[PDB]
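In what follows, a structure is listed as C-alpha cells, so that the remarks can point back to it.
Positions of Cβ are backbone-derived with ideal geometry, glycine not excepted, and every protein chain shown enters the neighbour counts. Quick note: the coordinates plus some simple rules give every number you see, no bench work behind them.
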Amino acid sequence: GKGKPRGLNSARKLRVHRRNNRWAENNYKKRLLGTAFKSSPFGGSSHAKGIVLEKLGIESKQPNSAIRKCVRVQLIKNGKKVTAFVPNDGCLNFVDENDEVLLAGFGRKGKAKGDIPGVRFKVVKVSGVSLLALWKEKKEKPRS
Amino acid sequence: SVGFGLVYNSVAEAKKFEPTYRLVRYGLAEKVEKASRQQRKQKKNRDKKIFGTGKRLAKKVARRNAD
Amino acid sequence: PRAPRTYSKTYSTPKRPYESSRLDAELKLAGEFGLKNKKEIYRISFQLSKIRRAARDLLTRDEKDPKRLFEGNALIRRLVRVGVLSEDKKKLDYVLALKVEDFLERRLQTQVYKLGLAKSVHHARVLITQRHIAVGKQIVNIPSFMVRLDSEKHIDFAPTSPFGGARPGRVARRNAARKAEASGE
Amino acid sequence: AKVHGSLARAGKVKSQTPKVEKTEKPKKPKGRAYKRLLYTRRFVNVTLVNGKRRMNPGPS
RNA sequence: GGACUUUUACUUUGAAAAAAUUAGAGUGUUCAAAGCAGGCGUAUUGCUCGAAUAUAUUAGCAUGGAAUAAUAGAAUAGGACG
RNA sequence: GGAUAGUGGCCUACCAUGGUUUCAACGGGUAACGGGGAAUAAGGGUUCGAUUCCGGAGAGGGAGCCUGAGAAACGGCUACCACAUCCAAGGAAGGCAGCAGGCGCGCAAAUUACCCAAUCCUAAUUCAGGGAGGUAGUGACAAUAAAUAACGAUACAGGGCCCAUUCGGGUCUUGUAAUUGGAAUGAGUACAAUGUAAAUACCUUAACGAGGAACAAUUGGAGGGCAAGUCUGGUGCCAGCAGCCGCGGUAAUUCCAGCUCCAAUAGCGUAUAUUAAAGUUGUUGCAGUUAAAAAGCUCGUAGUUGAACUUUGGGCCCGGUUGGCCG
Ligand SMILES: [Mg+2]
Ligand SMILES: [Mg+2]
Ligand SMILES: [Mg+2]
Ligand SMILES: [Mg+2]
Ligand SMILES: [Mg+2]
Ligand SMILES: [Mg+2]
Ligand SMILES: [Mg+2]
Ligand SMILES: [Mg+2]
Ligand SMILES: [Mg+2]
Ligand SMILES: [Mg+2]
Ligand SMILES: [Mg+2]
Ligand SMILES: [Mg+2]
Ligand SMILES: [Mg+2]
Ligand SMILES: [Mg+2]
Ligand SMILES: [Mg+2]
Ligand SMILES: [Mg+2]
Ligand SMILES: [Mg+2]
Ligand SMILES: [Mg+2]
Ligand SMILES: [Mg+2]
Ligand SMILES: [Mg+2]
Ligand SMILES: [Mg+2]
Ligand SMILES: [Mg+2]
Ligand SMILES: [Mg+2]
Ligand SMILES: [Mg+2]
Ligand SMILES: [Mg+2]
Ligand SMILES: [Mg+2]
Ligand SMILES: [Mg+2]
Ligand SMILES: [Mg+2]
Ligand SMILES: [Mg+2]
Ligand SMILES: [Mg+2]
Ligand SMILES: [Mg+2]
Ligand SMILES: [Mg+2]
Ligand SMILES: [Mg+2]
Ligand SMILES: [Mg+2]
Ligand SMILES: [Mg+2]
Ligand SMILES: [Mg+2]
Ligand SMILES: [Mg+2]
C-alpha cells in the first residue's frame, strides 16, 4: 500500500502525520508562526501609514536599465523603516520628504515586485490626498 | 387605499378606549404639550438633590447673603 | 437585538472572464430580449442552475419517493404555471434540459412585445417602466415579471397613461397650450 | 546596487509630451441602448468578413 | 414477584430534542431580496386556507438484526446438568 | 469534625501513600470566550465565527463586604495599586466594555437629535418610568429591483427579389445619415391628501419638469495569459511600464497622449487575508532507481495489522407493495 496505514483503527497515526507534514506547507507554516505579526513591517494589515525620510533613486535590476523612484518610510505604528515605490511617471514631485504617506503591499505576497530590488511596498496616498488624484488633476495636495 | 377602521358603540366609548393621539387628530382631545423629554429628565435629576420640601433650604441660603 | 433581516443574491458570475464565444451568445440574448446587463443573463443562469440542481438531486432517489414526488411535482407545476415548461414534457427530466431562453421568454418585457403593443423589444422596455401597461388594474414597471401563463390574457395598456386612454399628458398638453395661445387670444 | 541615483528627471516624459486636448464628440448611449448598439454593429449588419472579422482596423 | 445473566464493535429503526440560519412547500411583497402572510363574500354588523416538511451526523437513550471483527469457556477437571 | 443552602480535601485533625502519563500526562503557545452558525459550491474537505439567539466572563486592576429571595453587584459600599478632579490648603469628590459625544490609537467604524405610538419590562401598578426599544440623522458594509431614452418621415446608398434587350431604383426593410417630426416619462420640484407619537421618506396625485449647453456613466484594459489597433504624435535603456513572460537605447502592437476599440457597468480598480483551481498535504487521492524523498545494518517495546474451521441445507403456513391482463 506504500506507507499510509490502511488499518481501520489507525486514525491517530493518520491525523498526526498530516499535522506533521502540514509544516512543509509554506503557508500553513507562516499562519501558525504568526510571521505577519512577528516579521513583516506591516503588522499583518493591508496598508500602513508612515513618514518619508529620504527620496531614493533605486536603480532597476537587469536586464532593465532605469532609476525607480522610491521613498524610505518610517511606519507610525512600528518605527520600522521601509523603502517603498512611487509609481506613475512624475509623482516623486508630490512626496517631499518628512511627509505622511500611506503604504500598501505590492501584490506579490511579500516578494519585491520587478526590476526594483528589495521594494515590497508602494505609495497610495500622500498628505491624505490620493496619489492617483494628484496625478490626473482631481485633487490638490494640502497646505503643508 | 387599504386601511383599518374602528366604530365605537358610543362617543364616550371611544374617548376612553382610543389612543390619545387619535383623539388629537380628530379634535376630541386638546394636545396638552409639555417640556422636552430631556428637559424633564434634568428636572428630575435636579429634584433628586433636595431632601425634603426645599423652601426650608431657601431660608438657610438667604443667610448666605449675610456671611 | 432584532431578528436579522435576511437577504440573498440573485446572480452568479462566469469564471472564465474573456471567453469570446460565451460573450457572443450573451450579447445575442441581451440584444434579442432587450436587456442592459450581462447580469440580467447571469441571474437567469443562476436561477436555472439551482433549478437543475434540485432536479439532479431528486433523480438520484428511487421513483415515487415521498420527498421526490412532493417536491418534484411542485417544481414541475411551478415552472408550468409561469409558462416555461411544456405541457407534454412534464416529468422533470426536461426541466433538467431546460435552457435560458425559456425563462427569458416569460418576462413582461417579451410578452408585451410578442403580443403587439410595442413593435420593438426596446419600445416594450420604455413603455413598461413609464407607468404604462398593467396586468389587472395593477400597473407593472418591471421588465422581468414572468407573465404566468394565465395572466397572459390580461396584458393591456393602463387605465391611466394614454395608449390606454386617460389624458394626453404634459408633453402633448403643452402643445395645446401653444396652439390655443398663439392662434387664439 | 546603487540607491542614490539622480532624481532630476522625475516626470520627464509626461511633462514634455505635447498636450493635444480632447475633441468634442457625439454623446454615447449609456445603458441598454449601448448593448443594442453593439448588437446591430456586431451581428445584424456585419461590416466586413475580409478573411476574418476585425474589430478595430485602422488602415486596412 | 422471585431466582440469574461472558464480554464488545458494527448496522437498523425510533424516542429525546430552540428559534433565526440552510434545504424546502404554500402564498402574485406591482417584480425581486424579502415577509408570513392571506384568500373569499351579502364589501350595510362574516366566510375562511395557513403559519408545513426536511437535515439536525459524535456521544447518551430505546429497538430489530446476529454477517463481518474481537472477548470469555472443560485440561493436574477445582467441569456440566438433577 | 468544622464550614456551606447542601455533596465534596471545601477546610481542619489523625492515618495511609496514593493520583496522571507515548492511547502524549505535565509544561509552553494562542494575533482563544464556547456554541447556533459563516465563507468556498462534484464529493471527501479547507478556512472562519469579537459581533442580531443561547451559555459564560467582566465593569481601570486586585481583594473585601453591606443590603437581600437572589450580588462577592461596581450607574452599592470599604481598602490598597494605578489614574484623575475641585479647594479659601482646612478638605471634598470621580470609574462610559450604558446612549450619544470627546481625546488617543490606528488601514479601520455614524447624531452630544425625537418618542414612549409599537415591541416588551418594572413598580404600590390600566396611568408612572424605560438612551431597553422604536423614530429620524450620518451611512456605495453587504443584499434587491433596474433610468440615462423609445418611434416615425426624408436625402442620397446598399443588400432582397420579379425583369435585365440595357437605363434601374420600387415597397418587403437592413441600417449609415451633420437639415427635420410630433409623441412618453421620472430624476427633480411641488397644492393636497396619505404616512408618522410629531415630523421625513416611500406608495397616491393637481401645477411645473428633455433635445445635445444636455437631466451629458463610470472604472479598467486594448503584445501574450486575456476580450480589444502592429493607427497618428511624443520620448529615445531616459522618463515610465510590467501580478507573471517581458517592453523602452529614434519607424515603441506595452511608456506619455489623441483617435478608435474591448470588458464589466451605478458601479469598477488596488492592497491584505482566505477558499476554489490543488491528486502542490493526497482517508477518498500524491510522490520517494536517477527530478525533492527508504534510516549503514539487524533486534525490538509502544502503535497499527494478522490463516482457515463451529446451523448449514431442505419442507409447510400467514399476511403485506409495487407492476401487470383485465374494470
Ligand atoms: Mg524540511
Ligand atoms: Mg536607506
Ligand atoms: Mg420623562
Ligand atoms: Mg438516528
Ligand atoms: Mg475525608
Ligand atoms: Mg509520597
Ligand atoms: Mg503527539
Ligand atoms: Mg483573548
Ligand atoms: Mg475560535
Ligand atoms: Mg488546501
Ligand atoms: Mg462567538
Ligand atoms: Mg479581540
Ligand atoms: Mg458580574
Ligand atoms: Mg475602559
Ligand atoms: Mg465589584
Ligand atoms: Mg457606567
Ligand atoms: Mg449593572
Ligand atoms: Mg459611549
Ligand atoms: Mg469603512
Ligand atoms: Mg434611545
Ligand atoms: Mg446621468
Ligand atoms: Mg436632453
Ligand atoms: Mg477610458
Ligand atoms: Mg495607448
Ligand atoms: Mg486577443
Ligand atoms: Mg527574467
Ligand atoms: Mg521622431
Ligand atoms: Mg514615431
Ligand atoms: Mg509609436
Ligand atoms: Mg469583478
Ligand atoms: Mg473512504
Ligand atoms: Mg507531487
Ligand atoms: Mg543528483
Ligand atoms: Mg535523489
Ligand atoms: Mg537503503
Ligand atoms: Mg531508531
Ligand atoms: Mg480471521
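Okay, here's what the table says:
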quantity: Peptide D:6-14 - average C-beta neighbours from other chains (10 Å radius); calculated: 5
quantity: Dipole magnitude (debye, nearest 20) for chain A, charges at Cβ of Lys, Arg, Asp, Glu; calculated: 1640 debye
quantity: Separation between Cα centres of segment D:15-60 and segment C:6-45, rounded to whole Å; calculated: 22 Å
quantity: Per-peptide average of other Cβ atoms within 10 Å, ordering A:128-138, A:29-39 highest first; calculated: A:128-138, A:29-39
quantity: For the protein assembly as shown: span of alpha carbons on each principal axis (Å, largest first); calculated: 112, 92, 90
quantity: Cα-projected label distance for A:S130 with A:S45, points at 7 Å along beta-carbon direction, nm; calculated: 2.1 nm
quantity: Cα convex hull volume per residue for chain B (Å³); calculated: 184 Å³
quantity: Karplus (6.51, -1.76, 1.60) ³J(HN,Hα), θ = phi - 60°, over segment C:143-160, in Hz, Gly and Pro reported as x; calculated: x, 9, 10, 6, 3, 8, 6, 9, 6, 5, 7, 10, 8, 10, 4, 6, x, 7
quantity: Check: segment C:17-185 dipole with +1 on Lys, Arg Cβ and -1 on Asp, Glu Cβ, in debye; calculated: 480 debye
quantity: C:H123 versus A:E100: modelled label distance in nm, points set 7 Å from Cα along the beta carbon direction; calculated: 6.2 nm
quantity: Compactness relative to 2.2 N^0.38 Å, alpha carbon Rg of chain A; calculated: 1.49
quantity: Antiparallel bridges, percent of DSSP beta bridges restricted to chain A (to nearest 5); calculated: 95 percent
quantity: Alpha carbon convex hull of segment C:104-185, volume per residue in cubic angstrom; calculated: 93 Å³
quantity: Karplus-derived 3J(HN,Hα), 6.51/-1.76/1.60, for each residue of segment A:126-142, Hz, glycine and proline x; calculated: 9, 6, x, 10, 6, 2, 3, 4, 4, 4, 5, 6, 4, 10, 10, 5, x
quantity: Projected label distance in nm at B:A58 and A:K81, using a 7 Å step from Cα toward the beta-carbon; calculated: 7.5 nm
quantity: 5 angstrom amide H check on A:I67, placed H, neighbours 5+ away; calculated: A:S60
quantity: Cβ-derived FRET efficiency at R0 22 Å, C:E63 paired with C:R148, nearest 0.05; calculated: 0.15
quantity: Peptide ranges C:24-33, B:20-29, A:69-78 listed from the most packed, as the mean C-beta count within 10 angstrom indicates; calculated: A:69-78, C:24-33, B:20-29
quantity: For A:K125, distant residues with modelled amide H under 5 Å away; calculated: A:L102, A:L131
quantity: Percentage relative contact order, chain A, counting C-alpha pairs under 8 Å, at least six apart; calculated: 18 percent
quantity: Within the protein assembly as shown: Cβ-based charge dipole about Cα centre, in debye rounded to nearest 20 (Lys, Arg +1; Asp, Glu -1); calculated: 2360 debye
quantity: 3J(HN,Hα) from dihedral phi, segment C:163-177, Karplus parametrisation 6.51/-1.76/1.60, rounded to Hz, x for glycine, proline; calculated: 6, x, x, 9, 4, x, x, 5, 6, 6, 5, 5, 5, 5, 9
quantity: Dipole of chain A, positive direction: furthest Cα of A:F42, A:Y28, A:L75, with charges on the beta-carbon; calculated: A:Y28
quantity: Amide hydrogen neighbours beyond the local backbone of A:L56, cut-off 5 Å, H modeled; calculated: A:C70, A:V71, A:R72
quantity: Normalised convex hull volume, segment C:17-185, alpha-carbon set, Å³ per residue; calculated: 145 Å³
quantity: GNM flexibility winner over chain C from C:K64, C:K90, C:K137 (Cα, springs under 10 Å); calculated: C:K64
quantity: Positive-end residue, segment C:7-126 charge dipole about Cα centroid, Cβ charges, pick of C:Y18, C:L96, C:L85; calculated: C:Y18
quantity: Under 17 Å from B:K41, Cα to Cα: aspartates and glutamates that are on another chain or at least 8 residues apart; calculated: B:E33
quantity: Fluctuation leader among C:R173, C:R53, C:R106 - chain C, Gaussian network, Cα springs under 10 angstrom; calculated: C:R173
quantity: Degrees separating the helix C:66-81 axis from the principal Cα axis of chain C, which is the longest one; calculated: 20 degrees
